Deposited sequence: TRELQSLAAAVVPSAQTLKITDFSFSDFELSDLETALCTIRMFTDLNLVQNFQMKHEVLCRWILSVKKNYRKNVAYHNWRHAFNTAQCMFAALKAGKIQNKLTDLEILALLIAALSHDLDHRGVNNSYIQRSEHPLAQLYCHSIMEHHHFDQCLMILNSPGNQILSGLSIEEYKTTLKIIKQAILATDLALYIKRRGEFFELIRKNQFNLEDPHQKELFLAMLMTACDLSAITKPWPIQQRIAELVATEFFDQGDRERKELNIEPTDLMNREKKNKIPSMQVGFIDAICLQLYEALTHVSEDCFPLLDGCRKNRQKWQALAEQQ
């Protein structure tokens, strides 16, 4: 197609030029083409392209297939969300020096998981066990796109490497289920508090990869004020939109969190979210690698901003 040809023939700027290494990155002013280019640069600079012999044309087709399976009409959970979640992964890996800690297969899987973790989201969200139903669909959608002809970027992996990487991908995507985060963090935080966290440990690695997946998933809560505010409105819009649709299809009144009225509470809500969900995660990630401090730092600054508003409100 015309779009595939343009992407495959375009020049991919450097990571430094695309500024995808900084945790303060923002996609707002980038076109759809520029994001895909950034995506390519990510697979490139993590050495996934050559270490796994990826055919440039196939990588481009896959990236387009993944971006396609996201619905733009969905306020927040769309391609830009997936792209940013992946960009945070890259930054954490590079700027956050998390790369030397993982294997190429783990990295390969994480990048892929990051890009496809919310595939075909329909704007139906939760509150806080639901058995990761939503996440399961996101994986099927991911698996499918990896099997579709000319989209098989995992060709070149031995049978075992494929079976391995697939498991890691499945787990990373499902990990993005907040219910699972709430379930597993307790153990993670305790290992970090007792200064006995060990990545050399299979299970503690699986736990780390899960925690890392969630940190990137929520990266927006750590971004610079302009950006955070801008994305919180996408999030708010999705929720309110859901409350309306739900009161329509069903006869159920929206929770304050999801009904348009009572929007004056987003500041108050934002503080609670950060306190109960984000902060601990980013403070813990910083314990695993101080180079991730930027995330924790920005999460904090965001709380100050939201706290002020919640009162001044």
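> What portions of the deposited sequence, indexed from 1, have no corresponding C-alpha atom in the structure?
Replying inline: 129 to 139 is the sole stretch of the deposited chain that has no C-alpha coordinates in the structure.
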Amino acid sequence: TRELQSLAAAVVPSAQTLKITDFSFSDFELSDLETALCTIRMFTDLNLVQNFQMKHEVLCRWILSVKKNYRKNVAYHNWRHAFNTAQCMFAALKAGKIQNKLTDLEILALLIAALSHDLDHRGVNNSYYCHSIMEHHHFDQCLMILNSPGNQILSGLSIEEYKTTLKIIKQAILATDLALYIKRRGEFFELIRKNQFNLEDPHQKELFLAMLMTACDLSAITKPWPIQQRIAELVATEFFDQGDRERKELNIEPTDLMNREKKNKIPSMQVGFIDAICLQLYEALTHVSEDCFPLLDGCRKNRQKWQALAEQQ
From here on, numbers count along this sequence of modelled residues.
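The term rigid core refers to the most C-alpha atoms you can superpose between the two forms while keeping them within 1.5 Å.
> What stretch shows more C-alpha movement in 8 other deposited structures of this protein relative to this form, 134 to 142 or 80 to 88, after the core is superposed?
Replying inline: Higher root mean square deviation of C-alphas in 8 other deposited structures of this protein is shown by 134 to 142.
>> Once everything is fitted on the core, do the CA positions of 165 to 173 or those of 70 to 78 lie farther from the shown form in 8 other deposited structures of this protein?
In response: Output: 70 to 78, the stretch lying farther off on average in 8 other deposited structures of this protein.
> Do at least a third of the other entries of this protein fail to model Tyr129?
Replying inline: Yes, a third or more of the compared structures omit it.
> Of 198 to 206 and 69 to 77, which one has the bigger average CA B-factor?
Replying inline: Result of the comparison: 198 to 206.
>> I need to verify one thing: averaged over C-alpha atoms only, is the B-factor higher for 226 to 234 or for 157 to 165?
In response: It is 157 to 165 that shows the higher mean C-alpha B-factor.
> Per the PDB entry, which option out of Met258, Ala36, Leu281, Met269 has the greatest Cα B factor?
Replying inline: Top of the list by C-alpha B-factor: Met258.
> Quick one: which of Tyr181, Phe83, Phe189, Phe139 has the biggest Cα B-factor according to the entry?
Replying inline: Largest recorded C-alpha B-factor: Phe189.
> Comparing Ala172 with the other modelled residues of its chain, is its CA B-factor in the lowest, middle or highest third?
Replying inline: For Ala172, whose C-alpha B-factor we compare with every modelled residue in the chain, the answer is the lowest third.
>> When the deposited Cα B-factors of this chain's modelled residues are ordered and cut into thirds, is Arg300 in the lowest, the middle or the highest one?
In response: Answer is lowest: the recorded C-alpha B-factor places it there.
>> Per the entry's values, where does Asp45 land by CA temperature factor relative to the rest of its chain, in the lowest, middle or highest third?
In response: It falls in the middle third of the chain.
>> Please say which third, lowest, middle or highest, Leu250 falls into when its CA temperature factor is compared across its chain.
In response: Its C-alpha B-factor belongs to the highest third of this chain's values.
> Thinking about Cα B factors across the chain, which third does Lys262 belong to?
Replying inline: It falls in the top third of the chain.
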